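Notes follow once the structure below has been shown.
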Amino acid sequence: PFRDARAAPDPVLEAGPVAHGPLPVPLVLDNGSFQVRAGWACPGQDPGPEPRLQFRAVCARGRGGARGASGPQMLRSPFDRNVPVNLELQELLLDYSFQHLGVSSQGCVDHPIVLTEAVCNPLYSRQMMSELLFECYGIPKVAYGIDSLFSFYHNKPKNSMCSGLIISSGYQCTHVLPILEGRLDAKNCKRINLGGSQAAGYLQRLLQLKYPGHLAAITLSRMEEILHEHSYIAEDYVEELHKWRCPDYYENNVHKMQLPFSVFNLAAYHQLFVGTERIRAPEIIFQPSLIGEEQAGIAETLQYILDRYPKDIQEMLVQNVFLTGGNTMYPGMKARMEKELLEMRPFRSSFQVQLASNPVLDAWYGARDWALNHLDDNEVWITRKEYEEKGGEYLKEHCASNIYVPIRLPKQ
Amino acid sequence: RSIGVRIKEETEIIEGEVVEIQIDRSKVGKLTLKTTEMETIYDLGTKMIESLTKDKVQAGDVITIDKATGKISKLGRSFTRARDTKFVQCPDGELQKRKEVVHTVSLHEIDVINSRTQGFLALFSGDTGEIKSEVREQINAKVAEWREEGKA
Amino acid sequence: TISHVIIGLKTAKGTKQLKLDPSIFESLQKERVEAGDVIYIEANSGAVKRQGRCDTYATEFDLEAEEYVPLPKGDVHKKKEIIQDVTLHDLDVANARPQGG
Amino acid sequence: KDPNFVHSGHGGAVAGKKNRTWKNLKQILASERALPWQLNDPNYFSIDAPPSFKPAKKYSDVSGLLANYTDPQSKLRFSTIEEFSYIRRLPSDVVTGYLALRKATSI
Amino acid sequence: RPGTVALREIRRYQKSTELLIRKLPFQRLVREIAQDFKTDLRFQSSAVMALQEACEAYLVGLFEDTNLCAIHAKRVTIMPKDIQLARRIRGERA
Amino acid sequence: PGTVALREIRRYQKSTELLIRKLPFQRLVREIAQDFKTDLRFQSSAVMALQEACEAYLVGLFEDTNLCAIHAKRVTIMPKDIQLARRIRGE
Amino acid sequence: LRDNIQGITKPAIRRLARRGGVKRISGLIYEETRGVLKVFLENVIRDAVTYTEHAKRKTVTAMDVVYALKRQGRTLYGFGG
Ligand SMILES: Nc1ncnc2c1ncn2[C@@H]1O[C@H](COP(=O)(O)OP(=O)(O)O)[C@@H](O)[C@H]1O
């Protein structure tokens, strides 16, 4: 059968840690349309033991006058299309995270922080986010970067001017990130508007249409079992759905987990047979025309960005295709990706596909190991005295982070 | 003439009653086909559009389409459209069948196909004469490898 | 105008670009070849054959008079030493009468 | 205790027919167009991937097997003889569902 | 809890050959309307329940036309003026 | 100005004769009859009974399309207003 | 030639529209109307011929079409029957 989810962890702490040399340990925080992930950096230790608040970033409140329902225990979330675009829920999300991390004594957030932002972040959203971060929370200095570049910075061979493609996936997007000598080539980076939410919503809608006996019993929190544990991505899609065509393959390979139980009962508590369906929700990022929506998908975007470039700079970067975030958790992902890439490389040419050491957590460990090294790069971090003149759109172009564009925003 | 070569080949063949056919002024158009057990609509391509229109295919015909080649064979009309000759029932099973055809050619009948800019006319008309022995020296050796690569 | 034609090729093993002699491109046009066809080029002889339309285009129309073939699983490019046997009689025949041409 | 006891008015109002939320994403990528953007910029309008260059494959709605066929009545796409017998029994409430799941010619 | 999945109604009231109006209130509705033409009426159970089947089918048939009228008139919301269009173009509101 | 068409409405509503040209209508009637079946030929009264039924039917369609556009808060008709006027009639 | 139903002229369709009381007419409406006008004869001439084919006459009478119009629910006066 299905399991069910679990909640109410013990992230209860004293007001904060203290470490040798400069005393203020930085906070490391990831945004996330699926889940937020956070912690104190734990500097001077490599085996960073306790990331905390690894929680589904969706909230409510008790409208009868009870409590703010920020943490784990209809619903709203502070992100749209992977960019934060909210205040009235973003506040109680950050307050909840800061309660469990601890604040040292009073009505200001004492320690410096590193925080994730979108592959490109709309100028106004950084303005609103920095305005919350400095008007309300009052942090002394702040750093920004991308989950994908942080998880790459974690998985690099060396702390050097490496180059590659980063392939990223998550709730409402996947992005292809051409990085040249540590610099994101933002003029020819691309994204597809599909990923985890679309795959889960699609797998739901398939089972809603295929099994009209159980229409309220199936829900996204049950789709996540079959999506993250029973599904796999094809090595070649027409080759997998071809071998599903014969019943002797089907009945042996099909997954068959019962609904939660109380005519041989399964007409009410069905095994919800999935065979091609446990491939279709994975394929969405490769063929978005499995949904209605026309976009190139990962294979044609990967080809499209490469033919922007001279043939030598292709060969020296395609040596590091890195897989990270979200849907890259599917079993068989590397074996699909390297086949789709072999089909479009020059005939004898070499390439290598690298999968993250932990495709969900490595963004935090990347930002952590980054902050542990860049701790006193006082030119890199956005300092509170810089936000005292810079309007909140501002960014500084440090390694493993987004590209600033010189610009100014009217606000009153 | 009296030693045969035998081969088998697989063909995508479409067969059905044409329910409706539509065309426009490049070109685009739409076709529908029926068996006793299914129906479809289809987007046609240009080389089909020219074939269906050249051969005056009309709603209520029962037809075979050689999908690899664009050739149309018409078998008759459906009995329910026999009003206003040959009349026939719709095919059974699905529309598009990957039929296997076994075929045989006499070893000499390969010589005559090889002899002229079109060979097969000389097969029937008797113009085959003094067929060049170096051509047989090749064809016998070619068939001797098809025999053992297993393709014939 | 036409010094050469660049042609791009793909198989499940990779890709190449080739620089065709205009006599070979005249043969591509003889075979009515277009982008998305699957082609065999015999570069030592100038033989050219259309195998079929590539099956990535098999949904360009639901029903059209082309045969579609899977993207070749073989290498883009293949080499052999080959040894040709020809008799003096084959020369005496093939050069005596005007060829069919 | 609270990370702050008092807070700014970031753009959402106290009262009015006006929002308590800031501008939603659709208004952001509209209003951002007035700025002095250039052909070299990291502009968020430019990052959405191009349309597919090849024509899209067809897979049967009800089972995901490769579809050779489309029904004249419902306009769904199907693979096999028993699937054609199956689809003709389905209620319009799921037929429109499969069509909407692929933004079909009737939405 | 609140404000989600209105299709909870779509997925309940059309799973079988059910009727949506309760029987006792329908049986006391029709009789008052009937007697104005001619009084002293008595009714077969099989007569009264043959009315409701036609009524609910006709109401459903109106609403099927009605939501497309709203969509054409630039709305997701059906409103009384959609019925003013539909029932007159079918020739019945005349 | 762009509105004195409202005087055409009143003129063609005062008028009650048939509006399509008899020869074009008769040619179309015959062409549709002849590709349907062989040697069908029409008395003038049959072509007139056809044309009166056609033009009354189209006046009904235009009245129905008017109410669809008025309901859509328009002052203009587009082919979509006719396609509602068909589907709402069940045509 | 003008046999493409365009022989039902723009101003004639527009005059039917004006008797029908409609204001601004978009330029695709004439052709959409010609589509309806064909389909009305694909009902009426077709069934009228099934009444002509009751007697199997060469002449279509006003009766033959009035019977088709009667079964199609659009009865007509002045011709009788
Ligand atoms: N298992 C998962 N399933 C779905 N999405 C996930 C999963 N793990 C991580 N993500 C995705 O990671 C994406 C980007 O990285 P994330 O950790 O959330 O940081 P950020 O949004 O700031 O870039 C998000 O869009 C989120 O949905």
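Within each chain, counting starts at residue 1; across the structure tokens, chains are named A, B, ... in the order shown, with ligands numbered 1 upward in that order.
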
Margin query: Please identify all residues of chain A having at least one atom at most 8 Å from any atom of chain D, considering only C-alpha atoms, and return them as an NGL selection string.
Written below: :A and (80 or 85-88 or 95 or 98-99 or 103 or 105-109 or 120-122 or 124 or 128 or 131-132 or 135-137 or 186-193 or 202 or 205 or 209-210 or 238 or 241-242 or 244-245 or 276-277 or 280 or 289-297 or 300-301 or 403-405)

Next item on the list: Please determine the contact residues of chain C with respect to chain D at a cut-off of 7 Å, counting only C-alpha atoms, and supply them as number ranges by chain.
Entry: C: 57, 59-60

Check: DSSP says alpha helix (DSSP H) for which residues of stretch 118-192 of chain A? Put them as a PyMOL selection string?
Finding: chain A and resi 123-131+147-155

With only C-alpha atoms and all ligand atoms counted and 7 Å as the cut-off, give the residues of chain A in contact with ligand 1, each with its shortest interatomic distance in Å and the pair that gives it, as CSV.
residue,atom,partner,partner_atom_place_in_ligand_line,distance
A:30,CA,ligand 1,22 (O),5.2
A:31,CA,ligand 1,22 (O),4.0
A:32,CA,ligand 1,18 (O),3.3
A:33,CA,ligand 1,27 (O),4.9
A:34,CA,ligand 1,27 (O),4.0
A:35,CA,ligand 1,18 (O),5.8
A:36,CA,ligand 1,18 (O),6.4
A:37,CA,ligand 1,17 (O),7.0
A:82,CA,ligand 1,25 (O),5.6
A:116,CA,ligand 1,22 (O),4.3
A:117,CA,ligand 1,22 (O),4.9
A:118,CA,ligand 1,23 (O),5.4
A:146,CA,ligand 1,23 (O),5.7
A:147,CA,ligand 1,23 (O),4.6
A:169,CA,ligand 1,13 (C),5.9
A:170,CA,ligand 1,25 (O),3.4
A:171,CA,ligand 1,27 (O),3.5
A:172,CA,ligand 1,25 (O),6.1
A:173,CA,ligand 1,25 (O),6.4
A:196,CA,ligand 1,4 (C),4.5
A:325,CA,ligand 1,12 (O),4.8
A:326,CA,ligand 1,7 (C),3.6
A:327,CA,ligand 1,3 (N),5.9
A:329,CA,ligand 1,1 (N),6.8
A:360,CA,ligand 1,8 (N),4.5
A:363,CA,ligand 1,17 (O),6.2

Sorted per-residue table, chain G near chain F, closest atoms and distance, 7 Å, only C-alpha atoms, as JSON lines:
{"residue": "G:7", "atom": "CA", "partner": "F:24", "partner_atom": "CA", "distance": 5.7}
{"residue": "G:8", "atom": "CA", "partner": "F:24", "partner_atom": "CA", "distance": 6.6}
{"residue": "G:12", "atom": "CA", "partner": "F:20", "partner_atom": "CA", "distance": 5.6}
{"residue": "G:15", "atom": "CA", "partner": "F:12", "partner_atom": "CA", "distance": 6.9}
{"residue": "G:16", "atom": "CA", "partner": "F:59", "partner_atom": "CA", "distance": 6.1}
{"residue": "G:17", "atom": "CA", "partner": "F:62", "partner_atom": "CA", "distance": 5.7}
{"residue": "G:18", "atom": "CA", "partner": "F:9", "partner_atom": "CA", "distance": 4.8}
{"residue": "G:19", "atom": "CA", "partner": "F:12", "partner_atom": "CA", "distance": 4.9}
{"residue": "G:20", "atom": "CA", "partner": "F:59", "partner_atom": "CA", "distance": 4.7}
{"residue": "G:21", "atom": "CA", "partner": "F:9", "partner_atom": "CA", "distance": 5.7}
{"residue": "G:22", "atom": "CA", "partner": "F:66", "partner_atom": "CA", "distance": 5.4}
{"residue": "G:23", "atom": "CA", "partner": "F:76", "partner_atom": "CA", "distance": 6.1}
{"residue": "G:24", "atom": "CA", "partner": "F:76", "partner_atom": "CA", "distance": 4.3}
{"residue": "G:25", "atom": "CA", "partner": "F:77", "partner_atom": "CA", "distance": 5.3}
{"residue": "G:26", "atom": "CA", "partner": "F:78", "partner_atom": "CA", "distance": 5.5}
{"residue": "G:28", "atom": "CA", "partner": "F:79", "partner_atom": "CA", "distance": 6.6}
{"residue": "G:29", "atom": "CA", "partner": "F:79", "partner_atom": "CA", "distance": 5.5}
{"residue": "G:32", "atom": "CA", "partner": "F:79", "partner_atom": "CA", "distance": 6.3}
{"residue": "G:45", "atom": "CA", "partner": "F:33", "partner_atom": "CA", "distance": 6.8}
{"residue": "G:58", "atom": "CA", "partner": "F:40", "partner_atom": "CA", "distance": 5.3}
{"residue": "G:59", "atom": "CA", "partner": "F:41", "partner_atom": "CA", "distance": 5.1}
{"residue": "G:60", "atom": "CA", "partner": "F:42", "partner_atom": "CA", "distance": 4.8}
{"residue": "G:61", "atom": "CA", "partner": "F:46", "partner_atom": "CA", "distance": 5.5}
{"residue": "G:62", "atom": "CA", "partner": "F:46", "partner_atom": "CA", "distance": 4.2}
{"residue": "G:65", "atom": "CA", "partner": "F:46", "partner_atom": "CA", "distance": 6.6}

Check: With only C-alpha atoms as the atoms that count, which of A:252, A:219, A:358, A:378 lies nearest to chain E?
Finding: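 That would be A:219, the residue with the smallest distance to chain E.
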
Notebook entry, point to check: In Å, with one decimal, what is the gap from atom CA of residue A:396 to atom CA of residue A:16?
Noted result: 28.3 Å

I'd like a table as JSON lines: residues in chain B with an atom no more than 8 Å from chain D, each row giving the shortest atom pair and its distance in Å to one decimal, only C-alpha atoms counted, sorted by chain and rising residue number.
{"residue": "B:32", "atom": "CA", "partner": "D:72", "partner_atom": "CA", "distance": 7.5}
{"residue": "B:37", "atom": "CA", "partner": "D:81", "partner_atom": "CA", "distance": 6.9}
{"residue": "B:38", "atom": "CA", "partner": "D:84", "partner_atom": "CA", "distance": 6.2}
{"residue": "B:39", "atom": "CA", "partner": "D:71", "partner_atom": "CA", "distance": 6.3}
{"residue": "B:40", "atom": "CA", "partner": "D:71", "partner_atom": "CA", "distance": 4.9}
{"residue": "B:41", "atom": "CA", "partner": "D:72", "partner_atom": "CA", "distance": 5.3}
{"residue": "B:42", "atom": "CA", "partner": "D:70", "partner_atom": "CA", "distance": 7.1}
{"residue": "B:93", "atom": "CA", "partner": "D:81", "partner_atom": "CA", "distance": 7.0}
{"residue": "B:94", "atom": "CA", "partner": "D:81", "partner_atom": "CA", "distance": 6.0}
{"residue": "B:96", "atom": "CA", "partner": "D:68", "partner_atom": "CA", "distance": 7.7}

Go ahead and save the residues from that selection, with N, CA, C and O atoms, as a compact mmCIF listing (two decimals), in the first residue's frame.
# COMPACT_ATOMS: atom_id res chain seq x y z
N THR B 32 -11.29 10.29 -43.16
CA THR B 32 -11.77 9.36 -42.12
C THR B 32 -11.96 7.97 -42.68
O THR B 32 -12.52 7.81 -43.76
N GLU B 37 -14.86 -2.56 -36.55
CA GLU B 37 -14.45 -2.54 -35.15
C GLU B 37 -13.77 -1.23 -34.69
O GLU B 37 -13.62 -1.04 -33.49
N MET B 38 -13.40 -0.31 -35.59
CA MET B 38 -12.92 1.03 -35.23
C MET B 38 -13.11 2.09 -36.33
O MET B 38 -13.33 1.77 -37.50
N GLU B 39 -12.99 3.36 -35.96
CA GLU B 39 -12.97 4.52 -36.85
C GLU B 39 -11.77 5.41 -36.53
O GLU B 39 -11.37 5.52 -35.38
N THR B 40 -11.24 6.13 -37.52
CA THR B 40 -10.31 7.23 -37.27
C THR B 40 -10.57 8.42 -38.18
O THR B 40 -11.11 8.26 -39.28
N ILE B 41 -10.13 9.59 -37.76
CA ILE B 41 -9.81 10.72 -38.62
C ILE B 41 -8.29 10.80 -38.81
O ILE B 41 -7.55 10.23 -38.00
N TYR B 42 -7.81 11.44 -39.88
CA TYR B 42 -6.40 11.58 -40.23
C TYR B 42 -6.12 12.94 -40.88
O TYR B 42 -6.82 13.32 -41.81
N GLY B 93 -10.88 -5.97 -37.76
CA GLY B 93 -9.66 -5.57 -37.06
C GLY B 93 -9.35 -4.08 -37.20
O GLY B 93 -10.20 -3.28 -37.60
N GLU B 94 -8.13 -3.69 -36.85
CA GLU B 94 -7.70 -2.29 -36.92
C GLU B 94 -7.34 -1.83 -38.34
O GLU B 94 -7.04 -2.64 -39.22
N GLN B 96 -4.68 0.15 -39.60
CA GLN B 96 -3.28 0.08 -40.02
C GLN B 96 -2.67 -1.24 -39.55
O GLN B 96 -2.38 -1.40 -38.36

Check: How many Å separate atom CA of residue A:335 from atom CA of residue A:233?
Finding: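 That distance, rounded to one decimal, is 8.9 Å.
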
Next item on the list: Find the residues near residue E:63: any atom within 12 Å, counting only C-alpha atoms, skip ones fewer than 3 places away on the same chain, and give them as a PyMOL selection string.
Entry: (chain E and resi 56-60+66-70+77-80+82-83+86-87) or (chain F and resi 88)

Store the residues of this selection in a file with C-alpha atoms, as a PDB file, in the first residue's frame.
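New file again05.pdb:
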ATOM      1  CA  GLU E  56     -34.419  17.678 -13.991  1.00  0.00           C
ATOM      2  CA  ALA E  57     -33.371  16.561 -17.519  1.00  0.00           C
ATOM      3  CA  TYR E  58     -34.694  19.865 -18.977  1.00  0.00           C
ATOM      4  CA  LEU E  59     -32.950  21.946 -16.242  1.00  0.00           C
ATOM      5  CA  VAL E  60     -29.641  20.096 -16.915  1.00  0.00           C
ATOM      6  CA  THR E  66     -26.000  28.304 -20.458  1.00  0.00           C
ATOM      7  CA  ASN E  67     -22.275  28.098 -19.503  1.00  0.00           C
ATOM      8  CA  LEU E  68     -21.173  28.465 -23.174  1.00  0.00           C
ATOM      9  CA  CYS E  69     -23.330  31.648 -23.347  1.00  0.00           C
ATOM     10  CA  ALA E  70     -21.326  33.117 -20.416  1.00  0.00           C
ATOM     11  CA  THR E  77     -19.845  33.215 -14.299  1.00  0.00           C
ATOM     12  CA  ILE E  78     -23.407  32.296 -15.410  1.00  0.00           C
ATOM     13  CA  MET E  79     -25.987  35.063 -14.683  1.00  0.00           C
ATOM     14  CA  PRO E  80     -29.817  35.424 -15.332  1.00  0.00           C
ATOM     15  CA  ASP E  82     -27.707  33.954 -20.119  1.00  0.00           C
ATOM     16  CA  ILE E  83     -31.124  32.233 -19.695  1.00  0.00           C
ATOM     17  CA  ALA E  86     -30.822  30.697 -24.493  1.00  0.00           C
ATOM     18  CA  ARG E  87     -34.538  30.123 -23.779  1.00  0.00           C
TER      19      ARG E  87
ATOM     20  CA  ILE F  88     -27.509  27.307 -28.564  1.00  0.00           C
TER      21      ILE F  88
END

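Atom CA of residue A:166 is found 10.4 Å from atom CA of residue A:317.
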
Next item on the list: When you get a sec, could you note down which chain E residues fall within 9 Å of chain A, using only C-alpha atoms, as a VMD selection string?
Entry: chain E and resid 1 to 4 8 11

Expected file: the selected residues, N, CA, C and O atoms, as a tab-separated table (two decimals), in the first residue's frame:
chain	number	residue	atom	x	y	z
E	1	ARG	N	-9.48	22.01	3.95
E	1	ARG	CA	-10.64	22.73	4.52
E	1	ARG	C	-11.18	23.78	3.51
E	1	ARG	O	-11.53	23.35	2.42
E	2	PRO	N	-11.25	25.12	3.75
E	2	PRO	CA	-12.11	25.99	2.94
E	2	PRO	C	-11.58	26.30	1.52
E	2	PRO	O	-10.37	26.27	1.27
E	3	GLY	N	-12.49	26.70	0.63
E	3	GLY	CA	-12.17	27.40	-0.62
E	3	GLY	C	-11.43	26.59	-1.69
E	3	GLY	O	-10.64	27.16	-2.44
E	4	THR	N	-11.63	25.27	-1.77
E	4	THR	CA	-10.94	24.40	-2.75
E	4	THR	C	-11.82	23.26	-3.30
E	4	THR	O	-12.71	22.76	-2.62
E	8	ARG	N	-15.94	18.60	-6.19
E	8	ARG	CA	-16.57	17.72	-5.18
E	8	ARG	C	-18.08	17.51	-5.42
E	8	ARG	O	-18.60	16.44	-5.12
E	11	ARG	N	-18.44	15.41	-8.98
E	11	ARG	CA	-18.02	14.03	-8.69
E	11	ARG	C	-18.97	13.25	-7.76
E	11	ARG	O	-18.69	12.09	-7.45

Next item on the list: With a cut-off of 12 Å and counting only C-alpha atoms, select all residues of chain E in contact with chain D and give the selection as a list in words.
Entry: residues 7, 10, 11, 14, 15, 16, 64 and 71 of chain E

Next item on the list: Just the residues within 12 Å of residue B:7, please, counting only C-alpha atoms, with nothing from its chain fewer than 2 positions along; format it as a VMD selection string.
Entry: chain B and resid 4 to 5 9 to 10 100 to 106 143 146 to 147 150 to 152

Please produce a file of the residues just selected, as a PDB file, in the first residue's frame, where the atoms kept are C-alpha atoms.
ATOM      1  CA  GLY B   4      13.276 -19.989 -56.780  1.00  0.00           C
ATOM      2  CA  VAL B   5      14.488 -17.258 -54.418  1.00  0.00           C
ATOM      3  CA  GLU B   9       8.917  -8.208 -46.256  1.00  0.00           C
ATOM      4  CA  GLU B  10       6.782  -6.193 -43.773  1.00  0.00           C
ATOM      5  CA  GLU B 100       3.987  -9.577 -43.710  1.00  0.00           C
ATOM      6  CA  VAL B 101       4.241 -10.578 -47.411  1.00  0.00           C
ATOM      7  CA  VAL B 102       6.225 -13.640 -48.516  1.00  0.00           C
ATOM      8  CA  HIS B 103       7.314 -13.346 -52.170  1.00  0.00           C
ATOM      9  CA  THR B 104       9.227 -15.497 -54.696  1.00  0.00           C
ATOM     10  CA  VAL B 105      11.282 -14.707 -57.812  1.00  0.00           C
ATOM     11  CA  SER B 106      12.812 -17.384 -60.094  1.00  0.00           C
ATOM     12  CA  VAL B 143      22.176 -14.942 -54.059  1.00  0.00           C
ATOM     13  CA  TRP B 146      21.749 -13.777 -49.241  1.00  0.00           C
ATOM     14  CA  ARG B 147      21.314 -17.547 -48.581  1.00  0.00           C
ATOM     15  CA  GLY B 150      19.724 -15.443 -43.988  1.00  0.00           C
ATOM     16  CA  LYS B 151      17.877 -12.539 -45.730  1.00  0.00           C
ATOM     17  CA  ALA B 152      16.673 -15.011 -48.419  1.00  0.00           C
TER      18      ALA B 152
END

Note to self: Can you pull out the residues contacting residue E:25? Cut-off 12 Å, using only C-alpha atoms, and skip same-chain residues under 4 positions away; I want them as a PyMOL selection string.
What the structure shows: chain E and resi 20-21+29-32+48-49+52

Take the residues from that selection and write them out as a PDB file, in the first residue's frame, keeping N, CA and C atoms.
ATOM      1  N   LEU E  20     -32.114  14.736  -8.045  1.00  0.00           N
ATOM      2  CA  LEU E  20     -31.516  15.731  -7.145  1.00  0.00           C
ATOM      3  C   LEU E  20     -32.511  16.411  -6.195  1.00  0.00           C
ATOM      4  N   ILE E  21     -33.789  16.521  -6.569  1.00  0.00           N
ATOM      5  CA  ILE E  21     -34.842  17.049  -5.690  1.00  0.00           C
ATOM      6  C   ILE E  21     -35.431  15.907  -4.835  1.00  0.00           C
ATOM      7  N   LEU E  29     -45.469  19.955  -4.152  1.00  0.00           N
ATOM      8  CA  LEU E  29     -45.325  21.054  -5.116  1.00  0.00           C
ATOM      9  C   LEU E  29     -46.319  20.930  -6.284  1.00  0.00           C
ATOM     10  N   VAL E  30     -46.357  19.772  -6.949  1.00  0.00           N
ATOM     11  CA  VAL E  30     -47.101  19.614  -8.214  1.00  0.00           C
ATOM     12  C   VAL E  30     -48.621  19.749  -8.062  1.00  0.00           C
ATOM     13  N   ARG E  31     -49.177  19.309  -6.927  1.00  0.00           N
ATOM     14  CA  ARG E  31     -50.631  19.176  -6.712  1.00  0.00           C
ATOM     15  C   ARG E  31     -51.344  20.527  -6.637  1.00  0.00           C
ATOM     16  N   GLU E  32     -50.718  21.497  -5.973  1.00  0.00           N
ATOM     17  CA  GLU E  32     -51.211  22.877  -5.884  1.00  0.00           C
ATOM     18  C   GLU E  32     -51.248  23.544  -7.266  1.00  0.00           C
ATOM     19  N   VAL E  48     -46.776  11.272 -10.742  1.00  0.00           N
ATOM     20  CA  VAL E  48     -45.998  12.399 -10.196  1.00  0.00           C
ATOM     21  C   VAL E  48     -44.503  12.237 -10.464  1.00  0.00           C
ATOM     22  N   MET E  49     -43.951  11.041 -10.260  1.00  0.00           N
ATOM     23  CA  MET E  49     -42.517  10.816 -10.457  1.00  0.00           C
ATOM     24  C   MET E  49     -42.090  10.825 -11.937  1.00  0.00           C
ATOM     25  N   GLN E  52     -40.849  14.722 -12.526  1.00  0.00           N
ATOM     26  CA  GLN E  52     -39.524  15.120 -12.026  1.00  0.00           C
ATOM     27  C   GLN E  52     -38.387  14.731 -12.980  1.00  0.00           C
TER      28      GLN E  52
END

Against chain A, which residues of chain C fall within 8 Å? For each one I want the closest pair of atoms and the distance in Å (one decimal), counting only C-alpha atoms, rows by chain and increasing residue number, as CSV.
residue,atom,partner,partner_atom,distance
C:10,CA,A:343,CA,7.2
C:11,CA,A:343,CA,6.3
C:12,CA,A:343,CA,4.7
C:13,CA,A:343,CA,5.8
C:14,CA,A:347,CA,4.3
C:15,CA,A:346,CA,4.6
C:16,CA,A:346,CA,5.8
C:75,CA,A:347,CA,7.8
C:76,CA,A:347,CA,6.8

Residue subset to file, keeping C-alpha atoms, as a PDB file, in the first residue's frame:
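The result, written out as out_24.pdb:
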ATOM      1  CA  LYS C  10      23.106  12.589 -37.455  1.00  0.00           C
ATOM      2  CA  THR C  11      22.895   9.030 -36.046  1.00  0.00           C
ATOM      3  CA  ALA C  12      22.363   7.605 -32.542  1.00  0.00           C
ATOM      4  CA  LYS C  13      26.247   7.552 -32.316  1.00  0.00           C
ATOM      5  CA  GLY C  14      26.763  11.301 -33.104  1.00  0.00           C
ATOM      6  CA  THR C  15      27.008  13.914 -35.915  1.00  0.00           C
ATOM      7  CA  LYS C  16      29.265  15.186 -38.751  1.00  0.00           C
ATOM      8  CA  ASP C  75      28.194   5.030 -36.796  1.00  0.00           C
ATOM      9  CA  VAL C  76      27.864   8.275 -38.846  1.00  0.00           C
TER      10      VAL C  76
END
